[PDB]
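Contents: one structure, followed by commentary.
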Amino acid sequence: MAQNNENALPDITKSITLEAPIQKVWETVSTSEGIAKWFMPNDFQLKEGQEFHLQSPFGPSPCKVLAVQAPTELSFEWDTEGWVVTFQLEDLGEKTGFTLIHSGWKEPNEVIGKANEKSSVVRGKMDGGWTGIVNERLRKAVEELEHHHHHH
């Protein structure tokens, strides 16, 4: 717990190899449905810069894409706290290596702020959260879509 001080969600790297082709993972992390993860489907549009970020949205602001790279890299900013996530696609044979990158951008606070008031716990929760979420949720969205699966 000594490492956790001044977090607000810093750089978190995760990598998980999906049993799907690179094109299927790409649509899974570049379509409205896949990005929503079926957890509250938003009508997210893949734009190489949907909105630009300068100030911290005090007024209700949605998720905005920073830059979208052609079936290789994806970067978007979700202003709920300011979670900027970047996905990367590694070309493998028979499978695709998905690389998750999490970086929080807003005012560098020690805690995220409003979503949950704690830093160390939120960090630990994000570790376990992201690992489980990106693992099976991407894997399911690339192999199928949804039916009946309990996710945390």
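Just so it is clear, none of the values below were taken in a lab; they were calculated from the coordinates. Please note: Cβ atoms are built from the backbone with ideal geometry, for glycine as well, and neighbour counts cover all protein chains shown.
Some values worked out for this structure:
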{"read-out": "Extension gain (nm, one decimal) between residue 11 and residue 127, 0.36 nm per residue minus Cα-Cα", "value": "40.6 nm"}
{"read-out": "Dipole magnitude of the chain about its Cα centre (Cβ charges: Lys, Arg +1; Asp, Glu -1), debye to nearest 20", "value": "300 debye"}
{"read-out": "Whole-number percent relative contact order across the chain, with pairs defined as alpha carbons under 8 Å at least 6 apart", "value": "32 percent"}
{"read-out": "Label point distance in nm, residue 40-residue 27, each placed 7 Å from Cα along Cα→Cβ", "value": "2.6 nm"}
{"read-out": "Where only alpha carbons of the chain are counted, the Rg and the Dmax (Å)", "value": "15.4, 45"}
{"read-out": "Distance (nanometres) between label positions extended 7 Å along Cα→Cβ at residue 118 and residue 105", "value": "2.9 nm"}
{"read-out": "Computed [θ] at 222 nm, deg cm²/dmol, the chain (DSSP H ≥ 4; -39,500 (n - 2.57); rounded to nearest 500)", "value": "-5500 deg cm²/dmol"}
